[PDB]
Each structure stands twice: as C-alpha cells, then as structure tokens.
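K.L.:
The listed protein sequences derive, respectively, from chains B, C and A.
Basically the deposited numbering = 1-based index in the first sequence + 738.
Basically the deposited numbering = 1-based index in the second sequence + 704.
Basically the deposited numbering = 1-based index in the third sequence + 561.
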Amino acid sequence: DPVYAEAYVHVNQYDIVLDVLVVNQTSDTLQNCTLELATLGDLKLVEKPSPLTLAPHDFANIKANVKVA
Amino acid sequence: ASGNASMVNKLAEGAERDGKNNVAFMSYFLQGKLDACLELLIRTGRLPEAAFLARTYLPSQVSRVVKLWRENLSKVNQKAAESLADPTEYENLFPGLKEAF
Amino acid sequence: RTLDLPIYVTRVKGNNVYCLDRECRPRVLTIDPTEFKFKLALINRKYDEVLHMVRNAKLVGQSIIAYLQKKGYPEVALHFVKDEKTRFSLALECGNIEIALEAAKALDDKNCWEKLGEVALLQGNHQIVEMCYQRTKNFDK
Numbered sequence: 739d740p741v742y743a744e745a746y747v748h749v750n751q752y753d754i755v756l757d758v759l760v761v762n763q764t765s766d767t768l769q770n771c772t773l774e775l776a777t778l779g780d781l782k783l784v785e786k787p788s789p790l791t792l793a794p795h796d797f798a799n800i801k802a803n804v805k806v807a
Numbered sequence: 705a706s707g708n709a710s711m712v713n714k715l716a717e718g719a720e721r722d723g724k725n726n727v728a729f730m731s732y733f734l735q736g737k738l739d740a741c742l743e744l745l746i747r748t749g750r751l752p753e754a755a756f757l758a759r760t761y762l763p764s765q766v767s768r769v770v771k772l773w774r775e776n777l778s779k780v781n782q783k784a785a786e787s788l789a790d791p792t793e794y795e796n797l798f799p800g801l802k803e804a805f
Numbered sequence: 562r563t564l565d566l567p568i569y570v571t572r573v574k575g576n577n578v579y580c581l582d583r584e585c586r587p588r589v590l591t592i593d594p595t596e597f598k599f600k601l602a603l604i605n606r607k608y609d610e611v612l613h614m615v616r617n618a619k620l621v622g623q624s625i626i627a628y629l630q631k632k633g634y635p636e637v638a639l640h641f642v643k644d645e646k647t648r649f650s651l652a653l654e655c656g657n658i659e660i661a662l663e664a665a666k667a668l669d670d671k672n673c674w675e676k677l678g679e680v681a682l683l684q685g686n687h688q689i690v691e692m693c694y695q696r697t698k699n700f701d702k
C-alpha cells in the first residue's frame, strides 16, 4: 500500500529491537489499528510508539524495544 | 643526569629489551642516531611517524619509507589512500630544496 | 517497490509487473527498479537516478549493506544519512571524514576521536590533526 511498512529486526546489544518502517505513504495519518503487549521469553516486549495515524505520504520509525532478560 | 653514551650502548641493548616502543626511541635520539630510531619504527609499525623523522632530520628514508607506508595504504586501496610522489609532483623532495640535508 | 503481506515473486511478465504469494495475496504493479540502473549507474558513478527518485533507505534492519556498507562512493551518503550518531557511523563506514569533521566536533565520545585524529592523519593533514590531539591530551605526542 502507499503505506508500506517494511521492517526488520536489529538486535543490537541484548536488545532485540524492532526497526519498523511504517511508511505511510498513505494519503493521510490513516487510522491505525491495534497492537498488544506480552510477556515474552527471557525478554518481554515492551514498547510501542503510541499514535495511530498513518500520516500522509510520510515515513515513520517505529521502534520496539523488547526487554531482553 | 651526568650523561653517558656507554650507558646508552648497553642500555640500547636494553632498550631493545623493554617492550614498549617509546623509551627506546629517546635513547636512539639521545645517542643521536636517526638510524636507530628509524629501525626501531620498522618493527613497531610506527609508520606515519617514522616518516616525519625521516623527513625532518633527513636520512631521506622518507623516500624509502614513504613507499612502504603508502603500500600499506595501497593495500587499503583508494587512490587518495594510495597517495603518491617523491622528487616531483605531489611532493617535490629534492626539487623543493629546503631543511634537512 | 515493496510487497504487500506475503508475496513471492513468481516471475516477470513485462514492465506491468506481476507478483504472487502462491495463488493469492497478489499484484499488477507499477514497477520501480532499483538496482539495475544502479550498478550500471554506479559503475558509471551515476546517481542521477536515485536521487531523482529520491529513493533513500539504508536501513530497514539495514539496507546499506549491499555495498553501501561496503560503500561505493560517499555520494551515497548524500542520498540519505541522519543523526550525528548515525552520521558518525558513516563517518567510519565511509570513512566519511568530512562528516567526520563535524561529526567529531559533535562527537565527543573521545575514544572515538581518540582513534580518529591519527586516522585523520593517516588519511592526511596533521595541521588539523594537531588540534584534534590538542584537546585529546596527547600533549606529549
């Protein structure tokens, strides 16, 4: 979609960290859905950048830190 | 403190012994011996620095040495990284005609 | 161009691009090649295109790592690049010491410097290097 989100994982030092490109090449901070937290392994995922707009034609970095221990 | 060469030769021998590069140089100098300083450098991989001495107080090893340093650089290609000239062009060595011989 | 949930490339029917996840989750597609143009373009130093596209990643996990990690020009750096930290990484990766210079100014992660002036010298200029070292307390040096 215009909004193209591309993402891969980078694990940078303990922290497995989530590179997200949500690029919202959308025609607007299109409304966004939902995301859920959880216990993970000896890690827990632990962050979400809060908003839910898919800002028009716009590119965004959405970071998830994970909790790595 | 009183000073002494003899001490220095034996010591030189020592200088060779010690295992960190730097002291040995002062010695080499101290004795007055570019040659020694430069030879020392060859082992340590002091290369940029060795060139400065070789230039300053000219044993014209700058020519010799530079080629080798450059070669390392060369290994690590890129033309800028290669870098080149001794009598003329980039450097004009003996054509510059200025203060170490 | 980027996919759209699972797809698999089946093969290529012309420019009007076609894509498949297996038998659904499908595309007709306006193209946008990357690369072809590129190693040729690159091979002839040419940027015009990329630029023109204004195409600009280098990370997705990474994305500089085709050979932009094993860089090809710092012309590349120019299409995209960011934070002083990032810039810095580039400053080593490219060895972009232009960006380094500022980067340096902006570095202040010492060690970082600390290697670097020499390196800078190594690459050149001691006129500058002397400064670098000056704050560095290689006073004796």
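Yeah, the Cβ is synthetic: ideal placement off N, Cα and C, and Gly gets one too.
1) Mind checking C/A789: buried by the 16 CB within 10 Å criterion, or exposed?
2) For residue 705 of chain A, which three-state DSSP category applies?
3) Let me know if A/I689 comes out buried or exposed under the rule of 16 or more other beta-carbons within 10 Å of its beta-carbon.
4) Any contact of the stretch 783-793 of chain B with the stretch 760-773 of chain B, i.e. 3+ C-beta pairs under 8 Å?
5) Identify every run of the alpha helix (DSSP H) within the stretch 729-784 of chain C, keeping only runs that are complete inside it and at least 4 residues long; order them along the chain.
6) When burial is assigned at 16 or more other CB atoms within 10 Å of the CB, is A/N657 buried or exposed?
7) Given C/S767, which residues of its chain have a CB within under 8 Å of its CB, disregarding the five upstream and five downstream residues?
8) For C/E795, does the three-state DSSP call read helix, strand or coil?
9) For chain A, check one thing: does any of its Cβ atoms lie closer than 9 Å to the Cβ of C/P791?
10) Closest by CA to B/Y746, which one among A/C580, A/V589 and A/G622?
11) Do A/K619 and A/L629 have their C-beta atoms within less than 9 Å of each other?
12) Output the boundary residues of the alpha helix (DSSP H) element that contains B/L756.
13) To the nearest angstrom, report how far apart C/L751 and C/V769 are at their CA atoms.
P.N.:
Once the coordinates are examined:
1) Within the second sequence, residue 789 of chain C is the residue found at index 85, counting from 1. Exposed is the call here.
2) The question about residue 705 of chain A has no answer, for chain A in this structure spans 562 to 702.
3) Here residue 689 of chain A corresponds to residue number 128 of the third sequence, with the count starting at 1. With fewer than 16 other Cβ atoms within 10 Å, it is exposed.
4) Yes, the stretch 783-793 of chain B is in contact with the stretch 760-773 of chain B.
5) 738-748, 751-760 and 765-779
6) By 1-based counting over the third sequence, the position of residue 657 of chain A is 96. A/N657 comes out buried.
7) On the second sequence, residue 767 of chain C is found 63 positions in, with the first residue counted as 1. So the list reads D790 and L797, once near-sequence residues are dropped.
8) Here residue 795 of chain C refers to the residue found at position 91 when the second sequence is read from its first residue. Of the three classes helix, strand and coil, the one that applies to C/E795 here is coil, per DSSP.
9) In the second sequence, residue 791 of chain C corresponds to position 87, counting from 1. So, not an interface residue.
10) Locating residue 746 of chain B in the first sequence gives position 8, counting from the first residue. Closest option to B/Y746, Cα to Cα, is A/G622.
11) Taking the first residue of the third sequence as position 1, residue 619 of chain A is located at position 58. Taking the first residue of the third sequence as position 1, residue 629 of chain A is located at position 68. Contact flag set, yes.
12) Within the first sequence, numbered from 1, the residue matching residue 756 of chain B stands at position 18. It is not in any alpha helix (DSSP H) - B/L756 instead sits in the beta strand (DSSP E) that spans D753 to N762.
13) Position 47 of the second sequence, counting from 1, holds the residue named residue 751 of chain C. Position 65 of the second sequence, counting from 1, holds the residue named residue 769 of chain C. Distance between the alpha carbons of C/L751 and C/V769: 8 Å.
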